[PDB]
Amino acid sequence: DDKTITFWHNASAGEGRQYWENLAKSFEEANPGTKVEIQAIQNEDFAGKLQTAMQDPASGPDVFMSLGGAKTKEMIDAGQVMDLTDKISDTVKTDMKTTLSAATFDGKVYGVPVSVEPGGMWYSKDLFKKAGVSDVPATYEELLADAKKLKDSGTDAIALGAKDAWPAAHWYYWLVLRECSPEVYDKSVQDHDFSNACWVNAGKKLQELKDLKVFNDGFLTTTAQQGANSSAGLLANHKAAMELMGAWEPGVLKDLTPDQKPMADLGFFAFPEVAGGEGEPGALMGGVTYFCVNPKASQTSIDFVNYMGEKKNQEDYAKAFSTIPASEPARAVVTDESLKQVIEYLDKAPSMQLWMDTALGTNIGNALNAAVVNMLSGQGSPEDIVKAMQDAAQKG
């Protein structure tokens, strides 16, 4: 049938997963004859299943979460993403003013944003007190010192989900964004040119952290979001003191604590500044989640994504996922002190870079994430990270 749409998302948390069921049901109630068939896919599996299914758009999801950045661009150029410019509602246009640019390519809108998720450090204030760290580090060297204190106090300072590749790389991305001048950064990302010494500088500053041996001991086999021993699991259960992640974090932790209630002592601080770095200071980096429509899909699919953008649905989103909703007026409903800081940092930001691997596309993103892991496991150098990106870049 044509009033029956297939919907793919990545909410693994029960609350998040529940929210979508509820939106589906209450959408069927305002849309007679229409049934939403849901697939919830674990995030680390999502790209593969999407990129396989959408080889044949006819037999693929009507509505799906976007991979973002260059990865969304790859799907557009494959004709796997419907143009929603003349199709989004006026409520979307108005309330997602800021966020919609993440979904805009060649002046065309390809999706509806549901959240904006900038990155930084999520930490156990308690484990911080127990190690003698009273203030959050404004500098990289200061941070490495706090790792020294935390290691001595007998806790793993930093949880690292290196088994998934990207969580490791996030350290590298942030170092680059603090080392590279905004112009070298922006140009490197667009031109796939990585010759500047700030790319190697960054890895060196990362090697230094590795040498301090302050990661959780199984970081190489630790996933990011799966199970109690995942890196978010370790943070949520106070087995590790901090993690570097996007603002989806509180809702993930909330799903992994012993009682599935928010983490009592969760705190946030921006990525520290780096001495001698040329990065625009306080430069934000993060993500925007949005949903795309199959080009082979019908009006019901369109009405579904517009339904996502409505303020009540977005306010619910914010509470279900413990995140910042895309819709500006829905953000009023955000009560979490950590998210409140992040919104502040967000509100006064000149810009926000998308995740680096997202910005660089599949080949380069993957090669990069993999090489950072290589050097953290002692089988690679800062130079090898650059080499890998350059090599993958030859494909386009």
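Start at 1 and count along the sequence shown; that's the residue number.
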Selected stretch [higher average CA B-factor]: 269-277 or 314-322: 269-277
Which is higher on mean Cα B factor in this entry, 38-46 or 344-352? 344-352
Out of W248, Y290, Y140, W122, which residue has the highest Cα temperature factor in the PDB record? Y140
With respect to the C-alpha temperature factors reported in the PDB entry, which of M54, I364, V63, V334 ranks highest? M54
How does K148 rank on Cα B-factor within its chain, lowest, middle or highest third? highest
Taking only the Cα B-factors deposited for this chain, tell me whether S327 sits in the lowest, middle or highest third. middle
Comparing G378 with the other modelled residues of its chain, is its CA B-factor in the lowest, middle or highest third? highest
Among all modelled residues of this chain, ranked by Cα B factor, put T6 in the bottom, middle or top third, i.e. lowest, middle or highest. middle
Where the record places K130 (Cα B-factor, split into thirds across the chain): highest
